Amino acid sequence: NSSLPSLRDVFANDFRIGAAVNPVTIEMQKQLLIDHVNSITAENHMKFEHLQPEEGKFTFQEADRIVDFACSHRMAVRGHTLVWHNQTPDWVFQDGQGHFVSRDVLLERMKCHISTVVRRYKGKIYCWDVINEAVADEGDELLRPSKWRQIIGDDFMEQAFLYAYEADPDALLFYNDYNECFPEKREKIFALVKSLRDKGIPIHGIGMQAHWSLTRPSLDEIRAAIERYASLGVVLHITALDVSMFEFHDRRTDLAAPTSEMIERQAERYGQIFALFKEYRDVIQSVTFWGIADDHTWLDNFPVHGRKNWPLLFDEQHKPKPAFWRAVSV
């Protein structure tokens, strides 16, 4: 590493380089983070269930640890995430009888949560994924079904953004989602954000999760999505980048190690990805990987539980992979 290029420095004039972490991985991959990133995202500890597990009971300990680590190393922090159909406790949508609360009650709870969480980290966290994955990933419908939407109505997103803006008007507020480059979903996301923006809703950016594979999405699809979203006048952040060695249909579990072909194609894939990102440096301001080294990745258990994946730039021994060299040489 002594002579190894530093990711954040390599892209100093293009965009921040980040990593999703948790207190455990911060310790386990501490030096890698210190040497390469200038932005941090909580992989799970800033999600609803990990911040307010019970009404009125806030558990900021793990999140505080992540933020402290970031600030002590002059690293920016992205807040993930306020309103999502996943990892949100049941109490949020129920009353005493266990029945669903009303629209006004859920809005009160939403505002209180957003207000409390956002205010605590105001001045330390510069952006927030306010709404996460609201768009349907399948079907002809625009929106995915969720208790938030069901109880409040389709304007639940408008309210979420307004609440966050009030809590910290200096923060950049994002709509974050995956499969953001497949045409059908891209158009739904574009339509949604455009509609919010056309209503004066304070949404400042679109978060492209980029949970990609070696083949999907294509570079043309990525370029088209970047341009389509950028045309709305919003800032763009790649928020959870990883390049899986397995396509969606590939559910093998025997592979103890990636083939030379996989490693080679991944290197090419990452080089092409970053060449494209650099080309659009004017609209892309941050690129965060959902992790940093192959010794820790949510893809080891998703979508197939119990297997192993090698989706990042560094291997399990924290050594640069072929993908690292192509990525930093664009």
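Quick note: we count residues from 1 along the sequence shown, nothing fancier.
Set 141-149 against 116-124 and average the Cα temperature factors; 141-149 ends up higher. Of the two segments examined, 64-72 and 299-307, it is 299-307 that shows the higher average Cα temperature factor in the deposited entry. Ranking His237, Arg216, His249, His80 by Cα temperature factor from the entry places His249 first. As recorded in the entry, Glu261 carries the highest CA temperature factor of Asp294, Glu268, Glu261, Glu43. In the PDB entry, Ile17 places in the lowest third of its chain by CA B-factor. Ranked by C-alpha B-factor against the other modelled residues of its chain, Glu187 falls in the middle third. Per the deposited record, the Cα B-factor of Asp129 falls in the lowest third when ranked against the other modelled residues of its chain. Among all modelled residues in this chain, the alpha-carbon of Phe156 has a temperature factor (C-alpha) in the highest third. In the PDB entry, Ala210 places in the lowest third of its chain by CA B-factor.
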